[PDB]
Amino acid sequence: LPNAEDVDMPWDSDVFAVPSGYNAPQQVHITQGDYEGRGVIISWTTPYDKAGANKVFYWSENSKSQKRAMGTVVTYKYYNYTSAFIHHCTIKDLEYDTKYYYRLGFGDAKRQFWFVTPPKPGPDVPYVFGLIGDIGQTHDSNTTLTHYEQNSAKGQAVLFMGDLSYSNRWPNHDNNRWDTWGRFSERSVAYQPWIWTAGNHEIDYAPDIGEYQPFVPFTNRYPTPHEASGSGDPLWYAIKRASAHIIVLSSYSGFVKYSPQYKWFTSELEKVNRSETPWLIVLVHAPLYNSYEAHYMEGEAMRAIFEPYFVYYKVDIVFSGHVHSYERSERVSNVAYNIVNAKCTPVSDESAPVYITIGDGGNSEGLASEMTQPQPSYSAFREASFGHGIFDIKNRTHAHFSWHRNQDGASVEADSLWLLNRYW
């Protein structure tokens, strides 16, 4: 309630159409493949594993000669479900700020796409990031995506806050709905990388049907550039793109002191260089600050361990999803507590980041309407409406954030904020 089977787009929806041709490459998507940006991971799925299905042809537009690469293939099973042949190809050492064309398939199944590598990492290098979370595959989900595509701000990459397909809401977590989501999202992710964050809907824990190990479907379908970041797990990693250093954290993985993620995270903080990448961005599914009734305080555990660091290294902004609505905080912190002093009230803090909740992509569960009352002072803006966001970096000191509602024009900003870098 709402029932996924009643609100998600129909199986026959155009957006779920299978590309024609024998063994057509489908569910095509890419993501950054290296730490610097001249890398990419291209993913595509094929119903059969026959000669040719595992090859990518790519080439810069202003350089005729085309190179070919082979992917690594995998398949997985989940209850009575079996995947097709999933290919993942990691291409490195490309050129910065250059358009590339790549194609999959052969005969009349051949498909061509393109993408643009980001400019070399630098302090004043501008870049426009799209912001989406908890999209799923409902009719609202389609609207949200449509609006992002038409947004005059022209996003070059999407920072995704978690909860991709919501297929776990179907009987037996029907993995066929992961495939549909793959076809649906392809029109975007096939052209610009989506930087993944794992949400609780990617856990896919189902003892009832004998599936006790989490993230099996997600981990097999959406690889991450964790190794290049120094992480031995795909759920947590970091990349550098343009003037930003992005750290993606995992809400449902262990994160207390001494845990692998914690050790990786602290080391990563020390690798950050604000002189090269001014904008320090963090992604986590569950918000550390949320004043909505839904999932209220669920992020308290992580806030206890990580907030102190967010503030010490001066993260500029933190993006989260999970709560199906929108919210933006004031720069605040609650890191003075030691039990005895009883100091447990969030206070204005210019060394703290702005906290964003954008889990309103439109998944089947619907909007999270009820809010705590009255509005806490740490909250600057909160509205329950589907939409997407934009983080527009202009230079080392300015970046413009904005929220776009589906009721409004793709370019209309219902809320926005000009951020001043915390370091410059």
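Numbers follow the displayed sequence, beginning with 1.
Mean C-alpha B-factor comparison - 250-258 and 115-123, higher one: According to the entry, 115-123 carries the higher average C-alpha B-factor.
Which is higher on average in the deposited entry, the C-alpha temperature factors of 101-109 or of 84-92? Going by the record's values, the stretch with the higher mean is 101-109.
Residue of maximum C-alpha B factor among 197, 138, 75, 200, per deposited coordinates: Max CA B-factor in the entry, restricted to 197, 138, 75, 200: 138.
Which third, lowest, middle or highest, does the CA B-factor of residue 30 fall in along this chain? Its C-alpha B-factor belongs to the lowest third of this chain's values.
Within this chain, which third does the Cα B-factor at residue 356 fall in: lowest, middle or highest? Tercile = lowest for this residue's CA B-factor.
Is residue 240 in the lowest, middle or highest third of its chain when residues are ranked by C-alpha B-factor? Answer is middle: the recorded C-alpha B-factor places it there.
Would you mind ranking residue 154 by its C-alpha B-factor against the rest of the chain and naming the third, lowest, middle or highest? Highest third of the chain for residue 154's C-alpha B-factor.
Sort the modelled residues of this chain by their C-alpha B factor and say whether residue 44 lands in the lowest, middle or highest third. Lowest third of the chain for residue 44's C-alpha B-factor.
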